[PDB]
Every structure is written in structure tokens, then in C-alpha cells.
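Working notes for the structure below.
Methodologically, a virtual Cβ is constructed for each residue, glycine included, from the backbone with ideal geometry; neighbour enumeration extends over all protein chains shown. Each answer follows from the model by the rule given with it, or from the source it names; none is laboratory data.
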Amino acid sequence: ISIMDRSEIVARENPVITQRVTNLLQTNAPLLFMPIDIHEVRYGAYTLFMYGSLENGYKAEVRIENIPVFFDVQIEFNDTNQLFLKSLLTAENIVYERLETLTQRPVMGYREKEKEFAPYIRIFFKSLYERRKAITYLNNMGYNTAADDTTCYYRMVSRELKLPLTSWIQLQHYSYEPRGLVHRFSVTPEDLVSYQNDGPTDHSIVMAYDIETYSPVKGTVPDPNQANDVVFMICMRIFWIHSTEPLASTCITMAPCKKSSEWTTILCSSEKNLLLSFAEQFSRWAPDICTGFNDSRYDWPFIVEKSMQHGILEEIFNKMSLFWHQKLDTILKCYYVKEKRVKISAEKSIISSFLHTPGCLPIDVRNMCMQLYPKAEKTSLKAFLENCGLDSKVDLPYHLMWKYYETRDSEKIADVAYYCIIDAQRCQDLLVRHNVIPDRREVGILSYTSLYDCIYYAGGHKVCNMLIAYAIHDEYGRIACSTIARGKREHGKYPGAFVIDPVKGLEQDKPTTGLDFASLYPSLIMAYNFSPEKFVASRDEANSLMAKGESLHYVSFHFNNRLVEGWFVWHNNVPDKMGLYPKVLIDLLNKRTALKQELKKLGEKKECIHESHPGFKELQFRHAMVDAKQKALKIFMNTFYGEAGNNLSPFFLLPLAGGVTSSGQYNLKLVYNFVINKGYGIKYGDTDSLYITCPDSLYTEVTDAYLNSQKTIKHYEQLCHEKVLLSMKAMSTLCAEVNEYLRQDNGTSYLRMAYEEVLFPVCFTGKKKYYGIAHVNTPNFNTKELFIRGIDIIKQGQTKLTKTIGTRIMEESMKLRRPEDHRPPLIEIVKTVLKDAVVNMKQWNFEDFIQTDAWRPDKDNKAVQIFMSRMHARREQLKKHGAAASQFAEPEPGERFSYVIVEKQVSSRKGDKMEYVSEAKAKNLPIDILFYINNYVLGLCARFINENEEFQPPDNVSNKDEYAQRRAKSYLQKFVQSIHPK
């Protein structure tokens with residue numbers, strides 16, 4: 001029977017590599033391995049288990065022993081205090097191993113060179129449990145402790161050992177013990193060497209699976225709790241972590257399924273039998289990653305509840321792992337994660353519930369799509385698929401699947417198998433093309449954290465871990481750092497940033513572009529030496545330090561009705577004096593710069609070679625991994641300030657974050673004043689961008705060269721072209737002057753101003769609301785793509801009508817028009833374009849008005865509910881004379897039929913004017929366009945009107961923006977229903 005294990009599959013796919021790997025095995029030579037799943041023994045002698053794949057593809061369990069278990073506390077080295085520490089450690093009978101003395105540099109507070117180092121007693125332990133108990137007790141007593149990772153100790157093990165848990169690892173020496181499909185290695189941290197090179201192509205196995213459930217009640221989501229509600233069907237595929245080609249496929253079902261060559265059909269009689277078959281197939285495949293779409297919310301809970309009902313969960317889990325036998329209660333308590341708090345955005349988070357089998361890190365691809373698209377309001381797999389440019393098969397609606405399973409049709413069961421396997425393939429495709437595993441691996445490499453942390457955790461702890469990892473190195477002086485929040489929990493708001501009132505309106509004369517700071521907050525940290533160990537709090541200490549000739553930067557900001565003061569010792573551009581935070585940012589910036597240059601070289605080489613080259617695959621892999629590495633560097637670059645400003649962070653320093661914000665505001669003030677004193681106007685400025693204008697005196701010569709000429713359309717377009725050219729050149733010179741002035745002010749070049757395009761035709765409609773033609777290097781006013789930064793266009797827009805009208809007003813408002821010619825404002829032009837759209841219907845077609853819905857007894861919106869009642873009554877009254885259920889049956893499995901609001905003879909509810917597309921094409925009734933205008937595209941032009949001065953509400957209104965919105969919309973809707981009688 002062709003149920004092939006790891007060994008056979010990897011030997012068939014990689015025969016030569018398998019032979020080489022074997023030859024390494026019996027020779028005990030160093031070989032290439034990397035981890036995927038990390039599991040720790042939290043009781044007894046601590047042991048770290050890495051489950052991963054060898055370079056050929058063997059499933060490998062690497063077990064590290066003799067890992068030192070320790071943490072540090074700021075205590076003097078005297079033996080009396082050591083004995084006292086042991087005394088109150090043994091008071092609560094907490095056992096330790098030994099004591100060590102080493103001098104480290106505290107991370108909090110500035111210290112002089114002769115007092116730079118501080119004593120640290122080190123306490124060793126045998127178990128993570130004892131170490132955590134001791135850490136908690138010491139923090140209760142108030143001792144300043146460092147290197148005290150309490151939850152995930154493997155991050156520390158990855159930290160001082162310089163051993164990434166998501167990169168290739170070379171095993172110099174090991175106690176090899178083959179056991180079935182698991183090649184067990186017993187190793188010691190001494191002979192673990194991270195593979196610093198690029199490394200060979202990965203051969204880790206990811207398994208994507210999807211389930212189909214049964215429930216005798218029609219029209220309801222099956223309940224795992226209900227006995228009658230069951231799983232009738234499950235499918236699964238295995239792939240390489242990078243390839244979308246399935247290595248093997250297995251289908252396990254209830255009804256007799258037609259045999260297929262594309263997958264192995266396993267026939268089971270009972271749900272217990274199906275679950276056991278799934279467990280056996282998973283165990284013999286032993287994948288490194290078990291993944292599925294929304295599995296942590298629907299599939300895994302359903303499977304676990306079914307196993308509990310059958311009382312087979314312990315056996316299922318033991319077959320999942322086979323690495324350590326665990327009792328059922330232990331499984332439920334530890335390995336079955338329930339309602340895991342997955343952080344999606346700053347404010348949005350979702351729950352997850354999965355059975356974390358050792359040796360297979362679970363992935364919820366829906367969670368990955370959430371993370372990569374935080375603001376995507378459409379969350380279905382179909383929604384993400386075409387959002388990412390992938391197509392799905394005809395997803396059979398639930399009801400016909402239901403009748404298919406009930407009738408036990410073998411062909412229809414095979415069709416369900418095809419659909420479910422296509423679902424798993426789409427899941428794998430989304431996981432692969434989004435490059436989720438490799439760039440998560442890169443993030444783990446940078447942060448010295450496991451892939452599990454890279455998946456089910458935010459980036460704050462990753463930034464923390466990277467900070468300690470950098471800090472604990474020798475040249476820096478072995479900085480001692482703590483990973484626990486300390487001090488009183490202070491909550492409040494920083495002083496408001498320097499907000500420049502945007503010059504609302506549409507610009508046709510002065511080219512405008514934003515002088516944007518290059519990584520404002522990281523540059524400020526670099527320039528001002530904003531590091532916790534460079535911070536001075538005492539005013540007298542700051543004065544004494546200044547008396548020694550040292551440069552200090554003073555920060556002052558009002559936080560919770562009180563002034564916060566602090567001083568940071570400048571690094572004097574001396575790498576020895578460079579702070580910890582500036583050192584980390586400098587290293588990251590240099591790495592990113594080198595990687596970007598190498599990526600440019602690699603991409604130009606790739607474009608210099610044809611696609612069918614034999615080395616094209618390897619070159620593409622190299623390019624992909626370089627891009628993932630630089631993207632991880634970028635995301636760590638951006639989130640550094642946010643973690644620094646995170647009050648819950650162990651490294652959080654309120655003076656530090658306040659000083660960073662105040663320095664940003666002060667530098668914005670300085671640049672704004674500098675450019676104002678130079679005659680350059682300002683259109684809009686916020687935080688890090690200054691959209692400025694050149695003085696009118698600069699354009700006078702070309703302006704009169706246009707004026708004294710005949711003033712043709714060609715003359716005006718030229719005038720604009722040389723205006724853009726002069727703006728670019730002169731404002732590049734201005735940017736150079738600004739950079740020089742900033743360097744003179746700060747004494748360093750880290751804080752740098754930059755610009756990347758210019759927007760001669762530009763209109764500002766509010767805060768973070770602007771658009772215009774982008775001229776990057778050469779003035780091109782015929783460009784169709786338009787630089788837009790914040791507007792309700794990129795927020796989907798759905799209907800072709802909405803995107804069409806938005807882009808039409810966009811293009812018409814940005815037309816180059818001579819000052820002598822008519823120059824309507826934004827209000828007039830939007831009124832004109834809307835009049836054109838509504839009066840001239842012949843420009844719109846049926847497909848322009850397509851709107852997608854679903855039969856929603858769950859979401860049961862009032863419009864959706866009246867659509868329910870509408871359609872039901874309509875088919876019931878159509879039944880008397882005929883043709884009422886042919887294409888008109890119940891949409892109960894969320895049938896969409898792309899509903900269109902048709903013209904019905906005159907409540908104004910949406911469901912009142914439903915139309916069937918078949919009926920709409922058959923009779924060709926007109927569409928209720930006025931509904932679409934005055935209820936769906938008013939929200940579009942909303943952002944273009946509320947900026948108008950008379951639409952600003954009086955100061956007595958607390959909800960200013962909402963009232964301005966509502967009354968501007970009322971104005972425009974009265975306009976469109978009064979100028980357009982019919």
C-alpha cells in the first residue's frame with residue numbers, strides 16, 4: 001500500500017542528497033539540520049527539544065542537554081551577601097546548583113567608565129520550575145535581577161549561545177540514535193554551531209489539511225458538542241516548505257469515495273475510525289508544520305471535541321507526537337491551546353485554539369493573512385485568495401454538499417474530496433507565495449526566537465530579545481539586561497505633537513512635495529544617543545557631567561500634568577561612547593543597506609538572465625531569502641520605537657520615550673522655521689513629513705516667459721514641466737542645506753532629510769489626506785497612476801461604479817489648466833462630475849452596478865432581513881403561476897447571485913429593490929442608480945467636501961467631524977436630487 005513515510009518520500013524526491021546525508025550519518029560527520037518546532041521540559045532536568053528536517057528531508061529530533069540554567073541579580077560579590085542570598089533562597093526550599101561571580105554593565109542609568117561595570121551573582125538551576133520560582137521570589141523581595149526570561153527560556157538559550165532557532169544548524173558531534181522515522185540526536189551546547197552561510201535548499205515538510213463536517217439539521221453550522229453533528233470527511237496534502245507541488249495526498253471519508261490517482265482514499269466506518277486513520281496518516285507523514293485556514297477556530301476545536309466525545313484524544317495525541325507519552329489531563333492543560341490571544345493589529349486581535357502536537361508547529365493561514373493584511377475587512381479564504389491574486393474552484397455551496405452526503409453518492413463524495421483537496425492546495429499556495437515561513441524565519445534569526453514566537457506573538461518581545469542579544473556581547477561590555485516590567489505602572493498621554501494645519505484645497509501653481517525624515521525615530525535615537533544606559537536623571541549629576549566637558553542633551557516634556565526631565569550623554573560620534581540603542585540601530589541600518597545593495601545586484605543579475613536558465617531556481621531562491629531578510633530588518637527597524645514607547649516593555653523608560661517624541665517635535669520645529677525663514681511655504685506637515693512649496697520668486701522668469709509668449713496649451717504644459725524641474729533641483733539643494741543645518745545642530749549626520757518625488761498637481765483634503773501626480777525623476781503629466789496617501793479609494797471600493805467615479809474625479813481635478821482658463825475648485829468639479837455621472841446614464845453598464853451579498857440568517861442585518869422576506873414572499877407568490885424555484889431556490893448556503901438594485905415602481909430599504917441577474921438580463925429593467933449615488937458613493941466623495949470652510953461645524957459641536965460629514969452629505973444629496981429631476 002502506497003502510504004509512504006518520511007524516509008521513502010524524501011528518498012524518492014532527493015535520492016542523491018539522501019545518500020550523502022546517510023553517508024554523513026554512519027560516518028558521524030558534521031551535518032546540516034535546522035529546527036522548526038521547539039519544546040521544553042519545564043520539570044526535572046531542563047532539556048530543549050528541536051524538531052526539524054535534515055538537509056535531505058529526514059524528520060529529526062535534536063535534543064540538547066547540559067544547557068546552563070541561570071539568571072543574574074545585581075548584588076555585590078562579598079561572601080556574606082552570597083550566603084545571605086542562599087539563605088533566603090533556601091528559606092522557601094528552592095534548590096539551586098551553584099553560584100558564579102561576573103561583572104556586567106547595568107542597562108538602566110548612566111555610569112562613568114571607572115564605575116561602568118557592576119557586580120552580578122549568578123544562580124544556577126536544574127529545572128525551569130525552580131528558576132522561575134526563585135525569580136518570582138527575588139522580584140517579590142525587590143532585588144534587581146537580569147537575564148530573567150520566565151516564560152520562554154529557549155529564547156535565552158538562543159540568545160547567549162548565538163544560536164538562531166529558525167536557521168540552519170551544523171551538528172559537529174552528536175549521539176545518533178535512529179528510531180523509526182525520528183532520527184534522535186543527543187547533543188551538548190558546545191558542539192552546536194549555527195550555519196552562518198547561506199545554507200542549502202530546505203527540505204522541511206508542511207502538511208495542509210481541511211475538514212468537512214456533517215450535521216443532520218439543515219442550514220446550521222455543525223456543532224462539535226452535538227452528538228449527531230460529526231465529521232464525515234477530511235483531506236490532507238504534504239509539500240516542501242517552499243514548493244507547492246504535493247509530495248503525497250491522503251483522503252479519509254465516511255461514504256464510499258471513488259478511487260482517484262491524485263490522492264489516497266482511506267475509507268472509514270466510524271468517526272472514531274476516521275480520527276484514528278487521520279492520526280495514523282499524520283504520524284507516518286510526521287510533518288513539520290500542520291496548517292489550515294481558520295483551523296484554530298473551527299477545525300482543531302471540532303476535532304478535539306470529537307476525540308473527547310469518543311474518548312480517544314490521548315491516543316490521537318500520542319500518535320501525533322510519539323516523542324513523549326503524555327496523560328490526557330496533561331494534553332488538555334498544556335498541548336491543547338484554547339482561545340490563544342493572537343495579536344493582529346494595534347487594536348484588533350483574534351482568538352485561536354489548536355492542539356499543539358510536539359514535532360509539528362501548527363499554523364493558521366487565516367491568522368497569517370490577518371497579520372499580513374491587518375486592515376482587510378474581507379476575511380474569508382476566497383476573499384484573501386483573489387486579494388493575493390489566486391483563483392479558487394467553484395466552491396460547492398453547503399446545501400448541495402449536504403444532499404450529496406445524505407444520498408451517499410460516491411461520485412459526489414469524490415467531488416467533495418476534490419473540493420477539499422483544492423482547499424488545502426489553496427491554503428498552501430497562500431502560505432507559500434506570501435513567503436510566510438522564510439520571512440518569519442528571518443525574523444526569528446534577527447530576534448533569536450523560535451518560529452512559534454514568530455507566529456503566535458507580537459514583535460515587542462522580539463525587539464526585546466534582539467536588544468538583550470546585542471547587549472550581552474563582549475565588546476559592548478556584557479550589558480546586563482532584565483526582561484520583566486519594573487517600577488510603578490504609569491499610564492498617560494505624551495504632549496501633543498507639533499501639528500501644522502494643512503492648507504486645505506487644490507494646488508495648481510506651486511509644485512509641492514514632502515521632505516520626509518529618513519526613519520525619524522531611529523534617526524533620533526542614533527543622533528541623540530537615546531539609550532537607557534546613557535540616561536541621566538539627577539540634575540546635579542548632569543551638571544557635574546557637563547563640568548567634565550561631556551556633551552549632554554536635555555529633554556523636558558509634560559506627562560500627566562507634571563514636567564519630566566532627563567539628560568542623555570551624547571556619544572560624540574565615538575563608537576566607544578555609542579549607546580546600546582544607537583549601536584543596535586547602526587548595526588541594523590548597515591545590515592539593511594548592505595542587503596539592499598546586494599539585492600539590487602542580485603535582481604539586476606536575475607533580469608540579465610533568462611527564466612529557463614538551469615541556475616534560475618537557485619538564483620530566485622537567493623533573491624527571495626535576501627528579500628525576506630531585508631524585510632525582517634525593515635520591520636524591526638520600524639517597530640523599534642513602538643516597543644521603546646511601549647510602557648509594558650522591560651526596557652521602557654518614560655523619560656526616553658518622552659525625549660524621543662519631544663526631539664522629533666523640536667526637529668520638526670527647527671526644519672519648519674528654517675524653511676520658513678528661507679521663503680519656502682508649507683502646505684502640510686505632520687510628525688515626519690513637510691510638504692513644502694518653493695518661493696514664487698523662483699518661478700518668475702519662466703512664468704513671464706510663458707506670459708510674454710502666446711500662452712498656448714503647449715506653452716502651459718512646458719511652463720509646468722520647467723516648473724517641476726526647477727522645483728526638483730532647487731529643493732534638492734534645499735534638502736542638502738537642511739541636512740547640513742541638522743548636522744550642525746546635532747553634531748552628527750544620522751538625522752537626515754530626504755525627498756523622493758514631487759507633486760506639482762496636488763490637493764489636500766484633510767489630515768493625512770492628499771493626492772497628486774508623482775514626478776520621481778522627470779516631469780510627466782500624462783501619467784495615469786496617481787500618488788495617493790490616505791483616501792477611501794484604496795479601501796477596496798467594490799463596485800466598478802465607485803472606483804470609476806473616484807478615478808474620474810481624481811483625473812479631472814488634476815488636469816493641467818492655465819490660470820487664464822477656468823480653474824474650478826474641488827467642490828465645483830465634484831459637482832460637475834456627479835452631474836455627468838447621474839444625468840448621463842448611458843456611460844454606465846449593468847456590470848458596473850454588481851454588488852455581492854449572501855443569505856445571512858446569522859448576520860441578519862435589517863437590510864439583509866428585509867431582503868430575506870422580500871425574496872421569500874416573491875418566490876412564494878411566483879409559485880402560483882410557475883417558474884419560482886428553478887434558479888430561484890433558497891440561497892441558504894450563502895448564495896450571492898451578485899444582487900443588483902433594479903428600478904422598481906415607487907420604505908427605501910435595500911432589500912426592497914433586489915433583482916435577479918437572470919431576471920435583470922431577461923427583462924433589462926433599469927438599475928436604481930440614484931440608490932447607489934445617494935447611499936454608497938456619497939461616502940466616497942465625503943472626504944473631498946468636509947475640508948471646505950463653510951462645511952466646518954461651529955465650535956459648539958463636540959462631534960465636529962461627524963456633523964460636518966452629515967451636513968456636507970446632505971448638501972450634496974440635495975444637490976443631486978434637485979438638479980436632476982426625472
**Prompt:** Just checking, which of 176, 214, 195 is within 21 Å of residue 381 (Cβ to Cβ) and surrounded by fewer than 19 Cβ atoms within 10 Å (Cβ to Cβ)?
**Reply:** 214
**Request:** Would you mention how many residues in segment 42-58 are surrounded by fewer than 22 Cβ atoms within 10 Å (Cβ to Cβ) and either of a type in the set (D, E, K, R) or farther than 28 Å from residue 363 by Cα (or both)?
**Result:** 3
**Cβ pairs under 7 Å, 6+ apart, first in segment 394-409 and farther than 15 Å from residue 221 by Cα, second crowded, with 16+ Cβ neighbours inside 10 Å and among the small types (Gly, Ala, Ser)** = 405/255; 408/255
**Message:** surrounded by fewer than 15 Cβ atoms within 10 Å (Cβ to Cβ) and assigned to a loop (DSSP other than H, G, I, E, B): is that true of residue 543 in this structure?
**Reply:** no
**Fill in**
Note on segment 957-966: residues farther than 11 Å from residue 942 by Cβ and either in contact with an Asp or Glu (Cβ under 8 Å, 6 or more places away or on another chain) or surrounded by 14 or more Cβ atoms within 10 Å (Cβ to Cβ) (or both) are 960, 963
**Prompt:** So which residues in segment 673-704 are surrounded by fewer than 14 Cβ atoms within 10 Å (Cβ to Cβ) and assigned to a helix (DSSP H, G or I)?
**Reply:** 673, 676, 677, 696, 697, 700, 701, 704
**Request:** Could you tell me whether segment 497-519 includes any residue that is within 21 Å of residue 663 (Cα to Cα) and part of a helix (DSSP H, G or I)?
**Result:** no
**Flag if residue 319 is more than 27 Å from the chain's Cα centre (by Cα) and under 28 Å from residue 270 (Cα atoms)** = yes
**Message:** Test of understanding: among 166, 188, which residue is out of contact with any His (no Cβ under 6 Å at 6 or more places or on another chain), crowded, with 19+ Cβ neighbours inside 10 Å and more than 30 Å from residue 277 (Cα to Cα)?
**Reply:** 166
**Asked** If you take the residues of segment 360-379 that are assigned to a loop (DSSP other than H, G, I, E, B) and surrounded by 24 or more Cβ atoms within 10 Å (Cβ to Cβ), which of them is nearest to the chain's Cα centre (by Cα)?
**Response** 361
**Message:** Is it the case, given these coordinates, that residue 312 is over 21 Å from the mean Cα position of the chain (by Cα), among the aliphatic types (A, V, I, L, M) and crowded, with 22+ Cβ neighbours inside 10 Å?
**Reply:** no
**Complete:** So, first residue farther than 30 Å from residue 154 by Cβ in segment 483-498, second residue among the acidic types (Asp, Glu), Cβ within less than 9 Å, six or more apart or across chains; the pairs are 497/686; 498/686
**Request:** Identify, from the list 742, 726, the residue that is in contact with a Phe, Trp or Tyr (Cβ under 7 Å, 6 or more places away or on another chain) and either surrounded by 15 or more Cβ atoms within 10 Å (Cβ to Cβ) or assigned to a helix (DSSP H, G or I) (or both).
**Result:** 726
**Item:** Counted residues, segment 938-973 - those being within 15 Å of residue 502 (Cβ to Cβ) and of a type in the set (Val, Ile, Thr)
**Value:** 0
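Condition check ((1) more than 33 Å from the chain's Cα centre (by Cα); (2) in the same structural domain as residue 333 (by TED's automatic domain parsing); (3) surrounded by fewer than 13 Cβ atoms within 10 Å (Cβ to Cβ)) across all residues:
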position	(1), (2), (3)
15	yes, no, yes
18	yes, no, no
30	yes, no, no
34	no, no, no
40	no, no, no
**Request:** Kindly provide the set of residues from segment 380-417 that are in a helix (DSSP H, G or I) and within 24 Å of the chain's Cα centre (by Cα), ordered by number.
**Result:** 381, 382, 383, 384, 385, 386, 387
**Asked** Condition test on residue 933, is it touching a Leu at 6+ places or on another chain (Cβ under 9 Å), more than 27 Å from residue 866 (Cβ to Cβ) and surrounded by 15 or more Cβ atoms within 10 Å (Cβ to Cβ)?
**Response** no
**Item:** Residue list for segment 942-951, restricted to those being out of contact with any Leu (no Cβ under 7 Å at 6 or more places or on another chain) and surrounded by 21 or more Cβ atoms within 10 Å (Cβ to Cβ)
**Value:** 946, 947
**Message:** Against the definition (farther than 30 Å from residue 121 by Cβ, in a helix (DSSP H, G or I) and β-branched (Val, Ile, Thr)), how does residue 468 come out, yes or no?
**Reply:** no
**Request:** Using the structure shown, decide if residue 847 is among the charged types (D, E, K, R), in a helix (DSSP H, G or I) and under 33 Å from the mean Cα position of the chain (by Cα).
**Result:** no
**Asked** Name the pairs whose Cβ atoms lie under 9 Å apart, with the first residue in segment 83-95 and loosely packed, with under 12 Cβ neighbours inside 10 Å, the second outside any helix (DSSP H, G or I), and 6 or more positions between them or separate chains?
**Response** 90/96
**Fill in**
Quick count over segment 780-801, residues being more than 21 Å from residue 728 (Cα to Cα) and outside any loop (DSSP other than H, G, I, E, B), is 2
**Request:** Kindly list, by first and then second residue, each pair from a residue in segment 915-928 that is closer than 15 Å to residue 848 by Cβ to a residue that is of a type in the set (S, T, N, Q), limited to pairs with Cβ atoms under 7 Å and residues at least 6 apart or on different chains.
**Result:** 917/898
